[PDB]
Every structure is written in structure tokens, then in C-alpha cells.
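Protein chains: 2
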Amino acid sequence: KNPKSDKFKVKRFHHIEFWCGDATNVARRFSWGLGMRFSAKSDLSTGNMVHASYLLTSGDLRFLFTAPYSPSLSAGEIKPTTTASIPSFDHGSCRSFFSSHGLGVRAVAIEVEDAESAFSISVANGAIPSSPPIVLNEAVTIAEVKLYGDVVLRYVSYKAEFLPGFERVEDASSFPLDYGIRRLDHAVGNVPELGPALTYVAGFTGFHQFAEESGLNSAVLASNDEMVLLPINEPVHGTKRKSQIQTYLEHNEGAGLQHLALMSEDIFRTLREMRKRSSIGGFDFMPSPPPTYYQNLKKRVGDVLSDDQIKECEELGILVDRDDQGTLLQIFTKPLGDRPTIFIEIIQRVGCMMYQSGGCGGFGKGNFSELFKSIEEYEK
Amino acid sequence: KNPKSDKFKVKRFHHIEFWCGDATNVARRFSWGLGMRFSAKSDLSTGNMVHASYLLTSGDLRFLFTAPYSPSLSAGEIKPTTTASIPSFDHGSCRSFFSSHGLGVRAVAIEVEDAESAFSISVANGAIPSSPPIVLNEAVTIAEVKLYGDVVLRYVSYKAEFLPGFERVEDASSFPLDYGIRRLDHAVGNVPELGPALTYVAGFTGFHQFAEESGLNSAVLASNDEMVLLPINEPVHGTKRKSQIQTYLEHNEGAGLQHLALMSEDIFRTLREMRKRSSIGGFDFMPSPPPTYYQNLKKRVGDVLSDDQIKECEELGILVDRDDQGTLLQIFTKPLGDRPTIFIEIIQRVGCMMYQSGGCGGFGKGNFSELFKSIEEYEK
Ligand SMILES: COc1nc2c(C)cccc2cc1[C@@H](O)[C@@H]1[C@H](O)C=CC(C)(C)[C@H]1O
Ligand SMILES: COc1nc2c(C)cccc2cc1[C@@H](O)[C@@H]1[C@H](O)C=CC(C)(C)[C@H]1O
Ligand SMILES: [Co+2]
Ligand SMILES: [Co+2]
Numbered sequence: 035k036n037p038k039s040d041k042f043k044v045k046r047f048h049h050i051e052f053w054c055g056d057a058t059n060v061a062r063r064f065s066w067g068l069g070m071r072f073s074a075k076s077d078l079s080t081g082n083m084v085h086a087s088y089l090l091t092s093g094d095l096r097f098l099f100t101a102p103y104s105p106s107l108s109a110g111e112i113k114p115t116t117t118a119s120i121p122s123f124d125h126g127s128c129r130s131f132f133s134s135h136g137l138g139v140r141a142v143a144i145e146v147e148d149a150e151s152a153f154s155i156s157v158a159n160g161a162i163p164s165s166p167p168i169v170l171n172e173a174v175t176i177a178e179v180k181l182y183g184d185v186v187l188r189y190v191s192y193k194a201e202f203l204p205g206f207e208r209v210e211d212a213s214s215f216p217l218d219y220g221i222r223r224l225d226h227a228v229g230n231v232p233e234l235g236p237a238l239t240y241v242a243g244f245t246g247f248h249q250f251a252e262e263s264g265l266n267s268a269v270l271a272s273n274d275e276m277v278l279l280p281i282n283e284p285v286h287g288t289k290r291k292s293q294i295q296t297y298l299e300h301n302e303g304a305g306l307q308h309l310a311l312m313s314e315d316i317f318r319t320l321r322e323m324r325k326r327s328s329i330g331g332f333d334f335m336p337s338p339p340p341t342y343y344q345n346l347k348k349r350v351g352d353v354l355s356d357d358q359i360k361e362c363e364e365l366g367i368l369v370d371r372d373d374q375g376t377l378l379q380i381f382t383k384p385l386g387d388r389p390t391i392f393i394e395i396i397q398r399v400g401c402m403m411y412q413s414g415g416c417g418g419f420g421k422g423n424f425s426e427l428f429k430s431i432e433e434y435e436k
Numbered sequence: 035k036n037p038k039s040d041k042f043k044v045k046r047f048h049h050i051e052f053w054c055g056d057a058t059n060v061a062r063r064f065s066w067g068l069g070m071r072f073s074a075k076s077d078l079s080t081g082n083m084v085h086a087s088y089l090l091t092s093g094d095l096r097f098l099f100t101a102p103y104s105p106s107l108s109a110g111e112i113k114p115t116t117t118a119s120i121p122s123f124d125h126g127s128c129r130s131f132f133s134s135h136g137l138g139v140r141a142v143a144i145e146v147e148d149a150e151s152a153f154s155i156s157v158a159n160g161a162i163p164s165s166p167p168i169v170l171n172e173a174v175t176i177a178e179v180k181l182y183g184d185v186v187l188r189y190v191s192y193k194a201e202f203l204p205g206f207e208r209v210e211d212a213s214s215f216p217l218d219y220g221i222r223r224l225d226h227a228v229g230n231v232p233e234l235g236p237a238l239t240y241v242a243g244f245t246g247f248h249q250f251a252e262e263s264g265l266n267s268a269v270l271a272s273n274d275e276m277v278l279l280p281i282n283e284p285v286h287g288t289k290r291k292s293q294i295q296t297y298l299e300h301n302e303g304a305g306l307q308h309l310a311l312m313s314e315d316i317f318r319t320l321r322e323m324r325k326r327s328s329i330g331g332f333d334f335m336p337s338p339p340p341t342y343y344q345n346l347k348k349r350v351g352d353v354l355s356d357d358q359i360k361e362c363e364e365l366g367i368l369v370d371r372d373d374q375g376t377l378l379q380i381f382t383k384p385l386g387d388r389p390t391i392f393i394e395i396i397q398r399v400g401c402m403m411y412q413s414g415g416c417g418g419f420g421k422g423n424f425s426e427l428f429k430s431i432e433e434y435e436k
């Protein structure tokens with residue numbers, strides 16, 4: 035059931051912002067590893083004396099990478115006279131975030147109808163304010179509330201090109217890379233306590249639960274059309290293998306974003322291209338499942354995927370799960386940076402055609425059971 | 035004249051260490067951009083709970099990238115029980131360095147006969163101690179003294201594989217990239233006052249001056274065989290174009306390493322390979338000189354380089370200067386990170402054959425005069 039209880043009008047995921055120590059090197063690594071093009075910048079060359087911000091795009095997916103300059107460059111400025119293009123930015127907050135958590139997601143940004151109203155309604159319903167609504171060049175409104183840990187939910191609304205003050209990148213510095221990624225499908229947080237996290241976030245958004262022995266409990270919050278999807282995990286203690294969620298919390302110094310799932314229009318091309326680059330600056334992937342996993346896959350997805358399509362899944366290490374409505378292809382990268390914290394999922398969904413409805417095929421919860429039996433079966 | 039006055043036995047440049055916020059992303063970007071292979075690691079997977087350190091190599095060139103983990107991982111350790119592989123590392127120093135200066139060189143490391151003796155003699159002759167000699171696994175001794183700013187001169191000596205505690209990287213994660221770079225030729229510092237800087241460094245090393262209207266004064270310190278070369282620059286104030294050295298000092302928050310010059314065994318291959326990757330994760334280069342520069346080049350290097358070889362220089366944007374002993378091919382990257390501070394020079398030297413003697417062809421001081429006239433000549 036979908037009660038459609040959003041307390042304000044939400045559209046889609048808009049961008050993800052990483053807080054970095056050096057935005058240039060992270061953005062260049064991510065561009066090559068994921069096939070995202072350099073699209074916009076706000077930095078010294080655009081008159082921003084406060085922070086360096088580089089925007090990568092692939093389809094509708096927008097990754098923003100931001101790092102602080104020396105505060106001495108802007109020591110004469112006050113907020114009314116700032117040259118920062120993102121008015122919520124703060125040198126101390128950014129350095130404190132990065133020293134505490136390492137490289138990771140600071141903001142999950144969603145486009146809304148009216149960011150000022152979304153902020154006001156959110157705070158009236160329990161949201162902890164992080165940055166009040168600010169109107170940029172009479173054109174864009176941005177506001178921020180706390181989501182979990184030091185991650186914020188960022189509201190952006192447009193009266194009618202990323203943000204005022206950002207410049208489009210010259211075509212010479214913008215190479216048209218594209219490995220098939222098209223949008224953010226979901227963004228997953230790890231928290232110490234799931235109950236209070238859900239009550240808080242669902243409390244101020246009106247997002248509803250989307251609904252579906263390995264170390265975690267989880268639930269998924271969704272917007273009215275279920276295109277903004279926010280799974281949240283908590284650890285369960287007292288197993289044998291210590292909770293991977295607990296390990297995250299330790300290395301991250303608390304709650305934060307665990308993974309970003311990026312939808313591909315052709316997951317086989319995406320994974321061919323990404324795997325070609327793993328050892329030459331790109332991203333590494335988890336160990337592939339045993340051959341038993343794919344032998345058992347014909348028995349479960351033999352009617353959605355041909356034997357050849359299943360063979361291509363085994364070449365690339367792709368996992369397959371199936372709902373009662375749709376089928377999900379997925380795979381996970383190794384951690385994106387030094388710490389065993391954030392990583393990326395690549396996904397593609399097949400089914401639930403009406411456009412495709414959000415969450416089609418679920419999130420792969422069944423692949424845990426299937427993987428455990430594959431481990432047992434391959435040992436034999 | 036070379037007085038050969040080294041106060042201790044110096045061999046060659048050994049490695050350069052960058053202090054980073056995320057070593058993984060910088061190392062992967064540098065690997066792809068420069069054609070350096072992943073060679074060794076010290077991190078969580080090797081039992082290091084303190085810092086992540088990744089070593090890239092190309093020929094004899096060694097770049098080390100290091101970032102701190104959460105101090106909470108090692109909160110129970112003391113220096114006698116540390117899991118750090120580089121005992122001079124300190125979480126607070128590293129975070130303070132990176133917050134102050136951004137991404138940049140922390141250590142210029144030279145191999146010496148006896149690092150404990152080199153340290154002792156250095157400090158007896160004015161060097162400010164940074165990290166006392168420490169013997170690692172009865173095999174390697176490392177010690178550090180201040181060089182300029184927050185950059186240290188690191189002494190390493192071997193009784194007889202990078203450092204104890206580092207593991208060789210598995211061949212699957214180690215792709216054999218190579219664009220032709222073979223060693224560090226020189227490392228250049230920017231300081232506020234050249235005189236006191238030279239007196240300090242020459243005072244404690246015995247390094248001698250190597251000797252050769263655009264905003265700087267400089268001098269070059271050299272070891273006995275002139276294979277360790279350390280140019281130092283100061284700004285000169287009161288021009289029209291404000292000193293580029295002063296701009297560095299402002300954006301860097303003080304003295305630091307300005308550029309690393311990397312010798313290539315084939316600068317044309319190196320620049321072809323590096324330029325292919327500039328817009329797909331690699332490094333950008335300075336704007337090319339006007340065609341007048343290369344027209345005038347035949348008149349000055351027409352006897353060392355054929356017309357075709359000079360044409361290949363113009364394709365790749367390579368600069369040429371000539372000593373009374375040898376000829377130098379050189380080119381400069383744009384800054385390596387967010388701040389307009391550190392950058393890289395690629396060089397190749399021709400002449401001074403005996411092996412080749414250090415500094416052959418100089419450092420390109422004449423290319424300033426030639427560039428200024430090229431600007432005038434091309435305007436016409
Ligand atoms: C690390 O996350 C995963 N790992 C998997 C592994 C290691 C094997 C097979 C399937 C996996 C699926 C996921 C995830 O996408 C999430 C999680 O499992 C359950 C609910 C969420 C909504 C939070 C999912 O998104
Ligand atoms: C930014 O440095 C340079 N820029 C050049 C430009 C922009 C044009 C032509 C030649 C250049 C040469 C250099 C440098 O290698 C140094 C410097 O000029 C003089 C003495 C040192 C020993 C310190 C050199 O190494
Ligand atoms: Co997922
Ligand atoms: Co130089």
C-alpha cells in the first residue's frame with residue numbers, strides 16, 4: 035500500500051555532494067572510473083574564493099565534489115558579501131566532516147516544488163535545520179535539514201545552469217565519456233538505531249515505508274511516486290560474523306551514507322567499461338559469486354534472461370534477484386576511498402512497465425540467501 | 035666549481051611523499067595521469083590502523099601517497115606499540131598540514147649511507163629536527179629534519201621492499217603502466233626569503249650552489274655528484290605582474306614545494322601519452338608557446354634537434370633551452386590539485402656524457425627571455 039503522504043511536493047533526486055579534501059583529484063578519478071562528464075564548475079576561475087566545486091554528469095545523475103580553499107582567501111567576506119556559490123558551505127564544517135568521516139556524501143539533494151515551503155514544513159514536523167532557505171539570483175532556492183549523522187537532505191527548487205555562480209565547462213576540458221549510467225536509483229544510510237531514524241525522517245517528510262540473519266535490519270522510505278528511495282540500515286549485534294553495518298559505523302565515526310545505487314540503461318556495457326578501468330584509475334568490484342550461483346540462476350530467472358544473457362551476467366559478476374513484480378540486476382564496487390565505508394551499486398531494473413515504476417524488483421534482499429547457499433554449494 | 039662539501043654521504047633521491055585527505059583517489063588519479071604502477075601498500079589490509087599509504091613507481095621514481103585513518107582505530111596504541119609503518123606519521127600533523135596547505139609534498143626523501151649519522155650531523159650543523167632516527171625491522175633507518183615551511187627532508191638508509205611493513209601489490213591490482221618517466225631530476229621550493237633559506241639548508245647539508262625581471266630570485270643547492278638538486282625561489286616585490294611566487298605563498302599558506310621535475314627517457318612518448326589522458330582523468334598542461342617560439346628555435350637548437358624533432362616539440366608544446374654544456378627539453382603541467390600551488394615538470398636532458413652528469417642543460421632560465429620575445433613576436 036502507498037498512502038501518498040508526502041507533506042510537500044517532491045520531484046526527483048537532483049544531485050549528490052561529496053565533501054573532499056581535494057575536489058580536483060576525486061572528481062577526475064570518479065569521471066574516468068564511472069564515465070561521467072565534467073559539466074560545471076565553481077572555483078577560483080569563476081570568482082569563488084571560498085570553495086572549489088566540480089560537477090560531473092551522466093544522464094540525469096549529478097555528482098558534485100567540493101573542497102575548501104584556505105580561509106585566508108575570503109577572510110574579508112561576510113555572509114552578505116560571500117563569493118561562495120553554495121551558501122550553506124562552511125570551512126569549519128567541511129574540514130570537520132572530512133577529518134571525522136573521510137571522503138563521503140555530505141548532501142543528498144532532491145528537487146522539490148518550493149524549497150522554502152519544504153524547509154518550513156519539514157522543520158514544523160521535527161526536522162533539525164541545517165541551512166535556512168536562501169534564494170540564489172532570484173532563480174533557485176536551496177535549503178538543508180539534517181538527515182542522519184552529518185549528512186543533510188538538501189531541497190532545491192527552480193522558478194524556471202546547475203546553480204547560479206556555476207559556469208559550464210569548456211568543451212575542450214569536457215570529454216564526452218559515457219558508460220551508460222543514467223540516474224540515481226536510491227541512497228542508503230547506516231545508522232546506530234533504525235527505529236528513531238525512521239521516525240525522524242518519515243516524521244518530517246511524510247515518506248512512507250516501501251517494504252520488501263545477515264547482520265542488519267532495514268526499511269526503505271519512499272516519496273509519493275516512489276522515485277525518491279531512501280533505505281536505512283541498523284546493525285544487529287550478537288552474531289558470529291560481526292555486523293558489516295557496525296564496522297561501517299566504527300570506521301566512519303558514526304552514521305552516514307553507505308551506498309549510492311546508480312541505474313544503468315545497459316548494465317552490461319557499464320560493467321564492461323568500468324571493469325576495463327579498475328586497475329588504471331577506476332573502481333574495483335566485489336569478488337564474483339561462485340559458478341554455482343549462476344547455475345542456480347537459470348532455475349530462478351530463466352524466463353526473464355536467456356541462457357546467453359545469464360552467461361553475460363556471469364562474465365561481469367552481475368547479481369540477479371526477482372520480486373513478484375520485476376527483476377533486478379545489481380553489482381557492488383569496493384569502497385570508493387581509503388575507509389571501508391561508502392561504495393557504489395550499479396543496477397538495472399526490468400519490468401513494472403506502465411515509464412517504469414520505482415523500486416521495480418526490490419533491492420536484492422533475496423540475494424543474501426542465494427549467496428549463502430552458493431557458498432555452501434560451491435564448497436561441495 | 036664544485037667544492038664537494040657534503041657533510042655526509044648522499045646517494046640519490048629516494049621518494050616523494052604527498053600528504054592527502056584520501057590517498058586512494060589521489061594515487062589512482064596520479065597513476066593513470068603519469069603512467070606509474072601501483073607497487074606497494076601499507077593500510078588496514080596490512081595491519082596498519084594509523085595511516086593508508088600507497089606507493090607508485092615509474093622506473094626509479096617513487097611517489098608515496100598517505101592519509102590518516104580515524105584516530106579511534108589506534109586509540110589504544112602508543113609509539114612503542116604502533117601499527118604505523120612510517121613512525122614519523124602523526125594524525126594531527128597530517129590533518130593540520132592538509133587543512134593549511136591542501137594537497138602537496140610533505141617529504142622530499144633522499145637515500146644516504148647512514149640516516150642516523152646524517153641526522154646527527156645535520157642537527158649539529160643547524161638543522162631543525164622533525165623526527166629522530168628510527169630503525170625499522172633492523173633493516174632500514176629513517177630520520178627527518180625541517181627543509182622549508184612544513185616540508186621535511188627525509189633521510190633513508192638501508193643495511194642491505202620499500203619499507204618494512206609495506207606489502208607488494210598483487211599483480212592483478214597492479215597494471216604495468218609506463219609512459220617513459222624514470223626518475224626525479226629536481227624538487228623546487230618556494231620560500232618568503234631566499235637568503236635565510238639557503239644559509240639554513242646549505243648550512244646543515246654542505247650542499248653547494250649549482251649556479252646558472263620575471264618576479265623571482267633563485268639558487269640551486271646540489272650534492273657532491275650534483276644528482277640531488279634542490280632549487281629554491283623567493284618572490285621579488287614591486288613589478289607589474291605580481292610575483293607568481295607570492296601568489297603561491299598566499300594560496301599555500303606559506304613556503305612549500307613548488308614543482309617536481311620528472312626525467313623521461315623519451316619526452317615525446319611521455320607527452321603523447323599524458324596529453325591523451327588530460328581530459329579523461331589525467332593532467333593538463335600549460336598553454337603552448339606561440340609558433341614564433343619554435344620558428345626561433347631552429348636558430349638556437351638547430352644543431353641538436355633536427356627540423357622534424359623540432360616539429361615534434363611544437364606538436365607537444367615542449368620547450369627547449371640550451372646551456373654551454375647541454376640541451377634541456379621541458380614542459381609544465383597545470384596545478385595538480387585545487388590550489389594554484391604544486392605542479393609537475395617533465396624534462397629530458399641531452400649532452401654532458403662521461411652516464412650523464414647532473415643538471416645537464418640547466419633548468420631553463422633562458423626560456424623566460426625567449427618566451428617574452430615570442431609573445432612580442434607573435435603579436436606582430
Ligand atoms: C550492501 O548492500 C547490499 N548488499 C548485497 C549483497 C552483499 C549481496 C546481495 C544483495 C545485496 C543488496 C544490498 C543493498 O543494495 C541493500 C541491502 O542488502 C538490503 C536493503 C537495502 C534496500 C538497504 C538494499 O539497497
Ligand atoms: C615554474 O618554473 C619554471 N617555469 C618556466 C617557465 C614558465 C618558462 C620557461 C622555463 C621555466 C623554467 C622553470 C623552472 O623549472 C625553474 C625556474 O624558472 C628557474 C630556476 C629553477 C632551477 C628553480 C627552475 O627549475
Ligand atoms: Co542497494
Ligand atoms: Co624546473
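Chains as they are written, first to last, in the authors' numbering: chain A, 35 to 194, 201 to 252, 262 to 403, 411 to 436; chain A', 35 to 194, 201 to 252, 262 to 403, 411 to 436. A prime marks a further copy of an entry chain.
Even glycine gets a Cβ: it sits at the ideal position worked out from N, Cα and C.
In the DSSP annotation of this structure, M323 (chain A') is not part of any beta strand (DSSP E); the continuous alpha helix (DSSP H) holding it starts and ends at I316 to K325. Judged by pairs of C-beta atoms under 8 Å, the region 278 to 285 of chain A does not touch the region 93 to 113 of chain A, as fewer than three such pairs exist.
A residue is called buried when at least 16 other Cβ atoms come within 10 angstroms of its Cβ; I393 (chain A') meets this threshold and is buried. Here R388 (chain A) is not near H308 (chain A), since their CB atoms are 8 Å or more apart.
Following the DSSP letters along the chain, one finds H300 (chain A) inside the alpha helix (DSSP H) bounded by residues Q293 to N301.
Every alpha helix (DSSP H) of 4 residues or more that sits fully in the region 42 to 104 of chain A' is shown, in chain order, as 57 to 68.
Judged by DSSP in its simplified three-state form, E233 (chain A') adopts coil rather than helix or strand.
In the DSSP assignment, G400 (chain A) falls within the beta strand (DSSP E) that extends over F392 to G400. For the region 113 to 142 of chain A, the beta-carbon criterion of a distance under 7 Å to any beta-carbon of chain A' is satisfied by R129, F132, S133, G136 and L137.
Distances from the alpha-carbon of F131 (chain A) to those of A:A271, A:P204 and A:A304 put A:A304 closest. Taking a cut-off of 8 Å on C-beta distances, the region 158 to 165 of chain A' does not touch the region 64 to 73 of chain A', as fewer than three cross pairs fall below it.
Here the region 268 to 277 of chain A' makes no contact with the region 167 to 186 of chain A'; the two share fewer than three CB pairs at distances below 8 Å. Residues of chain A with a Cβ closer than 7 Å to the Cβ of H300 (chain A') are, in chain order, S104. Note that the region 284 to 299 of chain A does not touch the region 362 to 371 of chain A; fewer than 3 beta-carbon pairs, one per stretch, sit closer than 8 Å. Contact between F206 (chain A') and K75 (chain A') holds, with the beta-carbon distance rounding to 7 Å and staying under 8 Å.
Interface residue (Cβ-Cβ distance to chain A' less than 8 Å): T58 (chain A) is classified as such. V277 (chain A') carries a coil assignment under DSSP once its states are collapsed to helix, strand and coil. A residue is called buried once 16 or more other Cβ atoms fall within 10 Å of its Cβ, and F47 (chain A) is buried on that count.
Around the Cβ of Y434 (chain A'), a 10 Å sphere holds fewer than 16 other Cβ atoms; the residue is exposed.
Chain A has a Cβ within less than 8 Å of the Cβ of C54 (chain A').
Bridge partners of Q307 (chain A) according to DSSP: none are assigned. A86 (chain A') belongs to the set of residues whose beta carbon lies under 8 Å from a beta carbon in chain A.
Taking 8 Å as the cut-off, the Cβ atoms of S191 (chain A) and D148 (chain A) count as close. Closest option to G220 (chain A'), judged by alpha-carbon separation, among A':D315, A':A268 and A':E201: A':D315. Between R140 (chain A) and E432 (chain A), the alpha-carbon positions lie close to 39 Å from each other. In this structure, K289 (chain A') has its CB at a distance of at least 7 Å from all heavy atoms of ligand 1.
A direct Cα-Cα distance of roughly 11 Å separates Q397 (chain A') from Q412 (chain A').
Taking a beta-carbon distance threshold of 8 Å, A161 (chain A') does not count as an interface residue toward chain A. Proximity of the region 85 to 100 of chain A to the region 325 to 341 of chain A falls short of the contact definition, fewer than three beta-carbon pairs being nearer than 8 Å. Within 10 angstroms of the beta-carbon of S133 (chain A') lie 16 or more other beta-carbons, which makes it buried.
For the region 312 to 332 of chain A', the set of positions with a beta-carbon nearer than 7 Å to some beta-carbon of chain A reads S328, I329 and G330 in chain order.
Among the residues of chain A, those whose CB is under 7 Å from the CB of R62 (chain A') are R63 and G330, following chain order. Between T341 (chain A') and the set A':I329, A':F332, A':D352 and A':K360, the nearest pair of CA atoms involves A':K360.
The CB of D387 (chain A) comes closer than 8 Å to the CB of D56, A57, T58, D77, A86, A101 and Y103 in chain A', given here in chain order. Cβ contact annotation for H49 (chain A) (same chain, cutoff 6 Å, sequence separation greater than five): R96, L98 and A143, in chain order. Boundaries of the alpha helix (DSSP H) around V350 (chain A): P340 to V350.
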